[PDB]
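Coming up, as structure tokens: structure 1 and structure 2, two forms of one and the same protein chain.
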Structure 1
């Protein structure tokens, strides 16, 4: 039996091996939805080859590459098997992986989606919190596809563009946090500082009105509420890159700063990206961690697990697709509003694309 309802899972993806790094950065620095540079078509191929060594080193430090493709597939299969039982009417359900910077590319997934002749297609972002640089770009890619190809869609599109506070997403964070808290000495458990750490954004993106900072902040509050504020916490921002101003406090500074002030037990929480990724300076570079413990007497710096393959996550995914199908909405109301200082002509077009879909 042919597939009825297709679920396109959107993410930036990641280099499978250190060999895939160059082409990851290449596509990344070419993404005008993410950034605009002078003579970009020529500077991109450069910067990519230029930073490849550095990025290659960082991925080596965490296993040799990104496991996103595998976790997404395993999560997708778990979502589908549950979707076939939850909503018989829209079954069979089939999932497609739509990575932005590496194969299987977004356009490739759409292209294949068109061929299987689906009745309904769902652009399901894998970023719980919305940013024009993440979800925005993935959704813009879909619009850019049909327009670069020159023809209209042959299936009904809709989208789950954000889910910063989905009750089952919150339950998974709380569970992973409790699980890691148990790894600290029993007599220090209540002194542990929970440090929520999300990827920073350049202030120029924040200042034009990106909704990301506000949604990440909302996820954090729901998690602490579920945990009944058992420990103190802070929302900090990691991996800023370059010399320009980025939203702080930086995770690096915060850990050092916190240690210089007596807090020896820290629990980092990946609150805005659901799969493993590049870690922070004090977790990786061993030379810096020594100086740290030698002066501040750092006791424990731990990191909660990523929602990788927790089966309770698949239940979160399927529950979202199910609700979406039952509500008949084409996108959240937040998507109908562009950033106050948006200067990307494609944003409006992508918006209209989804609000204008049939059914």
Structure 2
């Protein structure tokens, strides 16, 4: 029987193969929400072309592409199986992938969900911690889709816009941290320093009121409480690019700083994403752990395994959707408050799109 409930899994996405790099960058540079560039329609295609080689090279170093779709698909399948058993009344559940900058695009997904004639659609962001640059961007895409297509939705919409402290998400993180701690030499386990690492944000974004830093911090505290503060930690930020100021400490400088100060046993913990991608396989594993860590003289540096295919994570996803359905919530209370210094007109339209949904 036809699907009744569609769960739209939102993520930025990553190029699956080296050939997809260029268009990935192009869609990025054309996103007005994310960037404001002079003669953007001409620069974007250009900057995309110029940066493609370097980014293709990064992906080549990790196998030739991003595994995000594979992991998202696996998580989505496991989620659905559980949902059908957890919430029979919401008939067959079907997951859809809505990537922001690669296929399948958010728009392509919405089109399919509508074609499937679903009764309800749930915008389920895959970023546990809300950032206007990530989840916000994905939600704006949904609102903009219908606004641009000049048609109203044929399905009842709602969103799970954030879930920084979901108990099962926390357990997965804690479990992966513990098993990785077991991989360190036993004589240095207690000496191990935990560096939670999350993608950074330009200070200009943080200073406008972005909810991200605070939520990421919340996730870290929850994980450490569950670990009973077994090891000391610090929350640091990676992926900064450009000359502008970003939220620090930077993960690379922190790794180097710690080593130079005698803390040569480090456990990196990606805390703001649920699957492997360029951030973990290239930035953390290659440039920081193999090169930087090497030249600084670390003794042991490891990275907790990304959630990926952990069955407990699929359970978390299903639990979130199930609880969302039972509560009848259209969105979090947090989504009803835009950044104090928000200057993007769509943000308010997007929140209204969700808070105003029928039912």
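Here the rigid core means the biggest group of C-alpha atoms that line up within 1.5 Å when the two forms are laid on top of each other. Residues that one form lacks are left out of the comparison. Numbering follows the first chain given and starts at 1.
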query: Of 26, 296, 330, 325, the one whose Cα moves 2 Å or more between structures 1 and 2 after core superposition; finding: 296
query: C-alpha of residue 284 off by 2 Å or more between structures 1 and 2 on rigid core; finding: yes
query: Distance moved by the residue 39 C-alpha between structures 1 and 2 (core-aligned, Å); finding: 1.9
query: Regions of at least 3 residues displaced between structures 1 and 2 by 2 angstroms or more (CA, core superposed); finding: 277-297
